[PDB]
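**Student:** entry27.pdb is reproduced in full below (PDB, C-alpha atoms).
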```pdb
ATOM      1  CA  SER Z 132     -60.204   8.374 -67.418
ATOM      2  CA  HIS Z 133     -63.893   9.304 -67.312
ATOM      3  CA  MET Z 134     -64.902   8.325 -63.806
ATOM      4  CA  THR Z 135     -67.750   8.854 -61.375
ATOM      5  CA  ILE Z 136     -67.414   8.717 -57.597
ATOM      6  CA  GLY Z 137     -70.958   9.106 -56.298
ATOM      7  CA  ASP Z 138     -72.086  12.633 -57.342
ATOM      8  CA  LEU Z 139     -68.587  13.582 -58.574
ATOM      9  CA  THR Z 140     -67.645  13.167 -62.201
ATOM     10  CA  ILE Z 141     -64.050  13.392 -63.418
ATOM     11  CA  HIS Z 142     -63.492  14.065 -67.130
ATOM     12  CA  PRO Z 143     -59.997  14.072 -68.629
ATOM     13  CA  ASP Z 144     -60.419  17.385 -70.546
ATOM     14  CA  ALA Z 145     -59.826  20.006 -67.829
ATOM     15  CA  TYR Z 146     -58.599  20.811 -64.331
ATOM     16  CA  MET Z 147     -62.062  20.533 -62.813
ATOM     17  CA  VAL Z 148     -64.628  18.232 -61.254
ATOM     18  CA  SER Z 149     -68.374  18.129 -61.899
ATOM     19  CA  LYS Z 150     -70.950  17.679 -59.120
ATOM     20  CA  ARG Z 151     -74.659  17.380 -59.907
ATOM     21  CA  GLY Z 152     -74.379  19.525 -63.046
ATOM     22  CA  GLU Z 153     -72.042  22.126 -61.562
ATOM     23  CA  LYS Z 154     -68.459  22.451 -62.852
ATOM     24  CA  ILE Z 155     -65.875  23.388 -60.262
ATOM     25  CA  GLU Z 156     -62.436  24.621 -61.250
ATOM     26  CA  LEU Z 157     -59.431  23.021 -59.582
ATOM     27  CA  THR Z 158     -55.797  24.076 -59.515
ATOM     28  CA  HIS Z 159     -53.222  21.726 -61.112
ATOM     29  CA  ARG Z 160     -52.300  20.298 -57.677
ATOM     30  CA  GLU Z 161     -55.925  20.008 -56.485
ATOM     31  CA  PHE Z 162     -56.802  18.073 -59.641
ATOM     32  CA  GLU Z 163     -53.698  15.846 -59.535
ATOM     33  CA  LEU Z 164     -54.379  15.005 -55.867
ATOM     34  CA  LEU Z 165     -58.099  14.291 -56.491
ATOM     35  CA  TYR Z 166     -57.389  12.210 -59.579
ATOM     36  CA  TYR Z 167     -54.650  10.302 -57.774
ATOM     37  CA  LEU Z 168     -56.991   9.527 -54.859
ATOM     38  CA  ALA Z 169     -59.704   8.533 -57.403
ATOM     39  CA  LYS Z 170     -57.250   6.015 -59.007
ATOM     40  CA  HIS Z 171     -56.673   4.636 -55.537
ATOM     41  CA  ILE Z 172     -60.316   4.849 -54.490
ATOM     42  CA  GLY Z 173     -60.843   3.752 -50.862
ATOM     43  CA  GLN Z 174     -57.063   3.271 -50.369
ATOM     44  CA  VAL Z 175     -55.568   5.321 -47.510
ATOM     45  CA  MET Z 176     -52.639   7.404 -48.762
ATOM     46  CA  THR Z 177     -50.111   8.851 -46.315
ATOM     47  CA  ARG Z 178     -49.082  12.523 -46.633
ATOM     48  CA  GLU Z 179     -45.499  11.542 -47.466
ATOM     49  CA  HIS Z 180     -46.725   9.221 -50.267
ATOM     50  CA  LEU Z 181     -48.966  12.025 -51.616
ATOM     51  CA  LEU Z 182     -46.080  14.516 -51.401
ATOM     52  CA  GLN Z 183     -43.732  12.212 -53.349
ATOM     53  CA  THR Z 184     -46.317  11.310 -56.011
ATOM     54  CA  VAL Z 185     -48.211  14.602 -56.581
ATOM     55  CA  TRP Z 186     -45.464  17.083 -55.699
ATOM     56  CA  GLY Z 187     -42.794  15.187 -55.336
ATOM     57  CA  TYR Z 188     -39.150  14.514 -54.173
ATOM     58  CA  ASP Z 189     -38.152  18.043 -53.009
ATOM     59  CA  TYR Z 190     -41.456  18.346 -51.056
ATOM     60  CA  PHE Z 191     -40.873  15.450 -48.611
ATOM     61  CA  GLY Z 192     -41.726  16.571 -45.059
ATOM     62  CA  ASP Z 193     -43.973  19.460 -46.281
ATOM     63  CA  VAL Z 194     -47.005  17.582 -44.804
ATOM     64  CA  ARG Z 195     -48.875  20.851 -44.280
ATOM     65  CA  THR Z 196     -48.915  21.313 -48.080
ATOM     66  CA  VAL Z 197     -51.051  18.124 -48.379
ATOM     67  CA  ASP Z 198     -53.334  19.157 -45.493
ATOM     68  CA  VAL Z 199     -53.964  22.616 -46.963
ATOM     69  CA  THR Z 200     -54.609  21.157 -50.434
ATOM     70  CA  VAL Z 201     -57.011  18.575 -48.919
ATOM     71  CA  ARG Z 202     -58.791  21.443 -47.111
ATOM     72  CA  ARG Z 203     -59.089  23.474 -50.343
ATOM     73  CA  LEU Z 204     -60.351  20.393 -52.216
ATOM     74  CA  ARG Z 205     -62.946  19.831 -49.518
ATOM     75  CA  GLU Z 206     -64.001  23.514 -49.648
ATOM     76  CA  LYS Z 207     -64.580  23.043 -53.380
ATOM     77  CA  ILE Z 208     -66.057  19.507 -53.567
ATOM     78  CA  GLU Z 209     -67.831  18.757 -50.273
ATOM     79  CA  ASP Z 210     -71.489  19.508 -49.505
ATOM     80  CA  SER Z 211     -70.279  20.518 -46.059
ATOM     81  CA  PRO Z 212     -66.430  20.867 -45.984
ATOM     82  CA  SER Z 213     -66.362  20.690 -42.160
ATOM     83  CA  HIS Z 214     -68.045  17.266 -42.337
ATOM     84  CA  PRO Z 215     -66.413  15.613 -45.390
ATOM     85  CA  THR Z 216     -67.885  12.433 -46.890
ATOM     86  CA  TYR Z 217     -65.917  12.084 -50.176
ATOM     87  CA  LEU Z 218     -62.400  13.022 -49.103
ATOM     88  CA  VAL Z 219     -61.987  11.488 -45.695
ATOM     89  CA  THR Z 220     -59.226  11.412 -43.116
ATOM     90  CA  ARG Z 221     -58.086   8.125 -41.621
ATOM     91  CA  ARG Z 222     -56.886   9.742 -38.393
ATOM     92  CA  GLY Z 223     -53.096   9.633 -38.001
ATOM     93  CA  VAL Z 224     -52.594   7.659 -41.215
ATOM     94  CA  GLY Z 225     -53.605   9.657 -44.310
ATOM     95  CA  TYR Z 226     -56.416  10.457 -46.707
ATOM     96  CA  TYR Z 227     -58.695   8.566 -49.049
ATOM     97  CA  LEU Z 228     -61.443   9.193 -51.522
ATOM     98  CA  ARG Z 229     -64.670   7.213 -51.208
ATOM     99  CA  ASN Z 230     -68.143   7.062 -52.667
ATOM    100  CA  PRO Z 231     -70.390   7.955 -49.707
ATOM    101  CA  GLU Z 232     -73.671   7.287 -51.626
TER
END
```
As a first step, turn the structure in this file into structure tokens.
**Tutor:**
Amino acid sequence: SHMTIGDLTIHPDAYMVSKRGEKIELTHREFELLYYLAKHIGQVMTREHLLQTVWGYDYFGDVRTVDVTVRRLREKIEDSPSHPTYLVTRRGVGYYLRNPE
């Protein structure tokens, strides 16, 4: 899928995302997580659901793994990672991707 989510552009060719003409390399997991959240745009995904889908079965309960990967994704894709607007936390529930523009 070629997709845009505000200033982010996903192409299917590579483990990366593009943002306003800049290409940003992602790890396999970072990409899989981002793409998965993109498919489920604006849907809140719990950490256990993300673990099972992106990781999966043997990783159940490794919720920190999701949190650290989210943090890394934010560090790569957000204008200001400490104030995310694309990859947002629904407190106590999970994570979602949105178009903030």
**Student:** Once the PyMOL selection byres ((chain Z and resi 161) around 9) has been applied to the shown file, what residues remain in the selection, as a list in words?
**Tutor:**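 Expected selection for the PyMOL selection byres ((chain Z and resi 161) around 9) here is residues 146, 147, 157, 158, 159, 160, 162, 163, 164, 165, 166, 200, 201, 203 and 204 of chain Z.
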**Student:** Near range 182-192 of chain Z, counting all atoms listed in the file, which residues have an atom at most 9 Å away, once you skip same-chain residues fewer than 3 positions from it, shown as an MDAnalysis selection string?
**Tutor:** chainID Z and resid 160 163:164 167 177:179 195:197
**Student:** For a test of reading the model, state the distance in Å between CA of residue 221 in chain Z and CA of residue 153 in chain Z, rounded to one decimal.
**Tutor:**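 If I compute the distance from CA of residue 221 in chain Z to CA of residue 153 in chain Z, I get 28.1 Å.
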**Student:** Find the residues around residue 155 in chain Z up to 9 Å (only C-alpha atoms counted), leave out those fewer than 5 positions away in its own chain, and share them as a PyMOL selection string.
**Tutor:** chain Z and resi 146-150+207-208
**Student:** Can you pull out the residues contacting residue 205 in chain Z? Cut-off 7 Å, using only C-alpha atoms, and skip same-chain residues under 6 positions away; I want them as a VMD selection string.
**Tutor:** chain Z and resid 212 215 218
**Student:** Hey, which of Z:225, Z:219, Z:171, Z:209 ends up closest to residue 138 in chain Z? Count all atoms listed in the file.
**Tutor:**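 Selected residue with least distance to residue 138 in chain Z: Z:209.
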**Student:** What separation in Å, quoted to one decimal, exists between CA of residue 180 in chain Z and CA of residue 228 in chain Z?
**Tutor:**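 Straight-line distance from CA of residue 180 in chain Z to CA of residue 228 in chain Z works out to 14.8 Å.
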**Student:** Here is a test: counting only C-alpha atoms, which residue of Z:173, Z:213, Z:202, Z:193 is nearest to residue 227 in chain Z?
**Tutor:**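 Of all the options, Z:173 lies closest to residue 227 in chain Z.
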**Student:** Kindly give the distance, in Å, that separates CA of residue 134 in chain Z and CA of residue 231 in chain Z, rounded to a single decimal.
**Tutor:** 15.1 Å
**Student:** Compare Z:145, Z:175, Z:199, Z:194 by their minimum atom-to-atom distance to residue 226 in chain Z, counting all atoms listed in the file, and give me the closest one.
**Tutor:** Z:175
**Student:** Which residue, Z:151, Z:229, Z:206, Z:211, has the smallest gap to residue 170 in chain Z when you use only C-alpha atoms?
**Tutor:**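 Closest candidate: Z:229.
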**Student:** With all atoms listed in the file as the atoms that count, which of Z:217, Z:156, Z:143, Z:181 lies nearest to residue 232 in chain Z?
**Tutor:** Z:217
